[PDB]
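Peer 1: Here the protein sequences come in this chain order: A and B.
Under this note's numbering, the first sequence has 225 at position 118, and the numbering climbs by one with no breaks.
Under this note's numbering, the second sequence has 10 at position 8, and the numbering climbs by one with no breaks.
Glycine included, every Cβ here is placed at the ideal spot set by N, Cα and C.
After the structure tokens below, expect a handful of questions from me.
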Amino acid sequence: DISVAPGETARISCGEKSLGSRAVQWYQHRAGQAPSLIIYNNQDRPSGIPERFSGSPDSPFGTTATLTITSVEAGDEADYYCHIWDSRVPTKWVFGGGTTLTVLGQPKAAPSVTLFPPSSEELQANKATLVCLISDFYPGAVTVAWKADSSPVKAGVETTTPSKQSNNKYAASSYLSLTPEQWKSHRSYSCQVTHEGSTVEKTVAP
Amino acid sequence: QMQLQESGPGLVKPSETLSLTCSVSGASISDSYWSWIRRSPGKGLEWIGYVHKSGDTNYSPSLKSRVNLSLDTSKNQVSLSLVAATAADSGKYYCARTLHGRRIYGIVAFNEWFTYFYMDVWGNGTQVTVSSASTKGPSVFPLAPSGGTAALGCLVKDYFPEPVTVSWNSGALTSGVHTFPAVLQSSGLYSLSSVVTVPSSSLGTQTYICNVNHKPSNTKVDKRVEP
Ligand SMILES: *[C@@H]1O[C@H](CO[C@@H]2O[C@@H](C)[C@@H](O)[C@@H](O)[C@@H]2O)[C@@H](O[C@@H]2O[C@H](CO)[C@@H](O[C@@H]3O[C@H](CO[C@H]4O[C@H](CO)[C@@H](O)[C@H](O)[C@@H]4O[C@@H]4O[C@H](CO)[C@@H](O)[C@H](O)[C@H]4NC(C)=O)[C@@H](O)[C@H](O[C@H]4O[C@H](CO)[C@@H](O)[C@H](O)[C@@H]4O[C@@H]4O[C@H](CO)[C@@H](O[C@@H]5O[C@H](CO[C@]6(C(=O)O)C[C@H](O)[C@@H](NC(C)=O)[C@H]([C@H](O)[C@H](O)CO)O6)[C@H](O)[C@H](O)[C@H]5O)[C@H](O)[C@H]4NC(C)=O)[C@@H]3O)[C@H](O)[C@H]2NC(C)=O)[C@H](O)[C@H]1NC(C)=O
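In structure tokens, the structure reads:
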């Protein structure tokens, strides 16, 4: 994940080192929007895509697919995936990469974060839930990451799409479904809210 | 330009067949290859497979045993069928028009070339949650809270369907009340939190009770919350 000031150039590498001849495609995915094709056949550009976006050549062997975006602008703030085709590697059925590009020159409002531990009432019911409430942020795009102690957690995480508040800022909530055992065993859990390149963290301990 | 839209007939219970449709407008399905893609929370953006009129059709190794992609020329629709759906098949599904080219890096007669596929037109994608969720009332839990302000709330957990209503002290407390939109969980049930911001000094004086109402199951719960 990278953050770039408007006007500067962004560099995103994706995939493993190349073995044979390649045809790399690059895809752009903005939050809650259909993905787009930005690059195909390594360097070729579909209609509409500006020459600011450029891809890496499939030479020499051993190169890593790199997408370069010069003179960055707000619109280029999105997730960037690559789909690699290599004459010596088996066809890929999962897209690679996923790097998020944040552009820094934008008007914004940092999120407020409140994290609740599981309630003693829920625990007696042999269930546990961490509640991370996110409010008052703008634009309406956040990414939430959970930490059991120091290690990231993927399982059990449920996060809502950002919703517009009455004051035209955004709200969102992330839930971590957890067993009471997992809750007690770990020293602590953290909710990490990233917004326009800056992350806000809250931690609770059993 | 061309437009694509992914949709389901509706709700998928475990061990039922997931049936998705990709309606194509501004172009005929017979002029292009077509692909389905999905993003499962457990994994990343994965290519399900592609289909074509010529019979040029292949599926992902991990899904080949359960998936069927078909072309409906009459309805100009691209179809996806996934037998024995489970929570593992939950996520967002994309339909996309697929193009192809040939990477020629040697003599064509020496088989020194390969065909590559790329997606230039994607749909918004549709969300698929596989569950046996049915009418169910919510469980209500207190979210307990020196100086400064404090956030106390109520966790309205595991109900279906939407919606639920939440007030505080029967409407006597509306200041600093923020009810968040519910999350749809992998269980197919919903959960939301209602938090009210208050002065710490007030924690002793005032009494706090959230009033939760869920019509579909005729549930009414009054949960007192304290520190
Ligand atoms: C895929 O997807 C896509 C997309 O998506 C999107 O995006 C993404 C990215 C994400 O984000 C997501 O989320 C989103 O969604 C899609 O597409 C889409 O779709 C959608 C649907 O929903 C839509 O939406 C919309 O939006 C809008 C906006 O727009 C804009 O923006 C956007 C973004 O945000 C975009 O997208 C678009 O495009 C746009 O953009 C733009 O563009 C242009 C051109 O290009 C440019 O130029 C510009 O710049 C741009 N911009 C920007 C970018 O920024 C919005 O607005 C909307 O909203 C609305 O609506 C809704 C529903 O839908 C609601 O909810 C809301 O609320 C609104 O509403 C409204 O409101 C208002 C206020 O209130 C109002 O007004 C008022 O009015 C009154 C009156 O009223 C009345 C009475 O009277 O009472 C009523 C009644 O009812 C009536 N009646 C009748 C009969 O009618 C009446 C009458 O009218 C008579 O007249 C009487 O009067 O009225 C008064 O007047 C007052 O005063 C006022 O104030 C109104 O009313 C309302 N309205 C209504 C209608 O309701 C919406 O949200 C969008 O747009 C789209 N997009 C596109 C691109 O297209 C798709 O779909 C998919 N695909 C597929 C295939 O599927």
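Have a look at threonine 177(A) and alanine 279(A) and give me their C-alpha separation to the nearest angstrom.
Peer 2: Against the first sequence, residue 177(A) aligns to sequence position 70. Against the first sequence, residue 279(A) aligns to sequence position 172. Going from the Cα of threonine 177(A) to the Cα of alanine 279(A) covers about 33 Å.
Peer 1: Does any CB atom of chain A fall closer than 9 Å to the CB of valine 197(B)?
Peer 2: For this step, residue 197(B) is matched to residue 195 along the second sequence. It does: the Cβ of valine 197(B) has a partner Cβ on chain A nearer than 9 Å.
Peer 1: So, for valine 251(A): in the same chain, excluding its five sequence neighbours on each side, which residues have a beta-carbon less than 6 Å away from its beta-carbon?
Peer 2: The sequence position of residue 251(A) within the first sequence is 144, counting from 1. Excluding residues within five positions, the ones whose Cβ falls inside 6 Å are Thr266, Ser281, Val300.
Peer 1: Return the residue from the list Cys156(B), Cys97(B), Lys45(B) that minimises the CA-CA distance to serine 27(B).
Peer 2: Residue mapping note: residue 27(B) aligns to position 25 of the second sequence, counting from 1. Residue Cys97(B) is the option with its Cα nearest to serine 27(B).
Peer 1: Hey, how far is the Cα of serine 305(A) from the Cα of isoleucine 109(A)?
Peer 2: Counting from 1 along the first sequence, the entry for residue 305(A) is found at position 198. Counting from 1 along the first sequence, the entry for residue 109(A) is found at position 2. Spanning the two alpha carbons is a distance of roughly 11 Å.
Peer 1: Rounded to a whole number of angstroms, what is the C-alpha to C-alpha distance between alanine 138(A) and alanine 185(A)?
Peer 2: Position 31 of the first sequence, counted from the start, is the residue given in the question as residue 138(A). Position 78 of the first sequence, counted from the start, is the residue given in the question as residue 185(A). If you take the alpha carbons of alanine 138(A) and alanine 185(A), they lie about 7 Å apart.
Peer 1: Looking at C-alpha atoms only, which residue of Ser188(B), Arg99(B), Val197(B), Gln187(B) is the closest neighbour of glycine 178(B)?
Peer 2: Your numbering for residue 178(B) matches position 176 in the second sequence. It is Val197(B) whose Cα lies nearest to the Cα of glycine 178(B).
Peer 1: Compile a chain-ordered list of the residues in the region 62 to 79 of chain B whose CB is closer than 9 Å to at least one CB of chain A.
Peer 2: Those would be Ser62, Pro63, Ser64, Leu65, in chain order.
Peer 1: Of all the alpha helix (DSSP H) runs that stay within the bounds of the region 55 to 127 of chain B, which reach a length of 4 or more residues?
Peer 2: DSSP runs (the alpha helix (DSSP H)) wholly in the region 55 to 127 of chain B: none.
Peer 1: Just to confirm, does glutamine 129(B) get its C-beta within under 8 Å of one of the non-hydrogen atoms of ligand 1?
Peer 2: The sequence position of residue 129(B) within the second sequence is 127, counting from 1. Every heavy atom of ligand 1 is 8 Å or more from the Cβ of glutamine 129(B), so no.
Peer 1: Quick check on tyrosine 282(A) - is its C-beta less than 9 Å from some C-beta in chain B?
Peer 2: For the purposes of this step, residue 282(A) is taken as the residue at position 175 of the first sequence. By this cut-off, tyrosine 282(A) is an interface position.
Peer 1: For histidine 216(B), list the residues DSSP reports as bridge partners.
Peer 2: For the purposes of this step, residue 216(B) is taken as residue 214 along the second sequence, with counting starting at 1. According to DSSP, which records beta bridges pairwise, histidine 216(B) is partnered with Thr221(B).
Peer 1: Which term fits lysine 159(B), buried or exposed, when burial requires 16 or more other beta carbons within 10 angstroms of its beta carbon?
Peer 2: Within the second sequence, numbered from 1, the residue matching residue 159(B) stands at position 157. Buried.
Peer 1: Pick out whichever of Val53(B), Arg40(B), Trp36(B) has its Cα sitting closest to the Cα of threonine 128(B).
Peer 2: Position 126 of the second sequence, counting from 1, holds the residue named residue 128(B). Closest by alpha carbon: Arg40(B).
Peer 1: Does any residue of chain B have a CB that is nearer than 9 Å to the CB of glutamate 308(A)?
Peer 2: For this step, residue 308(A) is matched to residue 201 along the first sequence. No - not a single Cβ of chain B is within 9 Å of the one on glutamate 308(A).
Peer 1: Using a cut-off of 8 Å between C-beta atoms, extract the partners of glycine 28(B) located in chain A.
Peer 2: Here the question's residue 28(B) lines up with position 26 in the second sequence. The premise fails here: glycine 28(B) is roughly 14 Å from chain A at the closest Cβ pair, so nothing lies under 8 Å.
Peer 1: For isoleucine 191(A), name the three-state secondary structure that DSSP assigns.
Peer 2: To locate residue 191(A), count along the first sequence from 1; it is residue 84. It is coil, neither helix nor strand.
Peer 1: Using DSSP's beta-bridge definition, name the partner residues of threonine 23(B).
Peer 2: Working through the second sequence from its first residue, we reach residue 23(B) at position 21. Answer is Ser9(B), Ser81(B).
Peer 1: Determine the DSSP secondary structure at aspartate 183(A), reduced to helix, strand or coil.
Peer 2: On the first sequence, residue 183(A) is found 76 positions in, with the first residue counted as 1. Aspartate 183(A) falls in the helix class under three-state DSSP.
Peer 1: Between which two residues does the alpha helix (DSSP H) harbouring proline 287(A) extend?
Peer 2: In the first sequence, counting from the first residue as 1, residue 287(A) sits at position 180. From DSSP, the alpha helix (DSSP H) with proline 287(A) extends over 287 to 292.
Peer 1: Distance cutoff 9 Å, beta carbons only. Does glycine 127(A) sit that close to anything in chain B?
Peer 2: Position 20 of the first sequence, counted from the start, is the residue given in the question as residue 127(A). By this cut-off, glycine 127(A) is an interface position.
Peer 1: Mind checking whether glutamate 228(A) and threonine 236(A) have CB atoms under 9 Å apart?
Peer 2: Counting from one through the first sequence, the residue named residue 228(A) turns up at place 121. Counting from one through the first sequence, the residue named residue 236(A) turns up at place 129. Against a cut-off of 9 Å, the Cβ pair of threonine 236(A) and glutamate 228(A) comes out as no contact.
Peer 1: Name all residues in chain order for which at least one heavy atom of ligand 1 lies closer than 5 Å to the residue's CB.
Peer 2: Residues flagged by the Cβ proximity filter: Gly139(A), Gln140(A), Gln7(B), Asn126(B).
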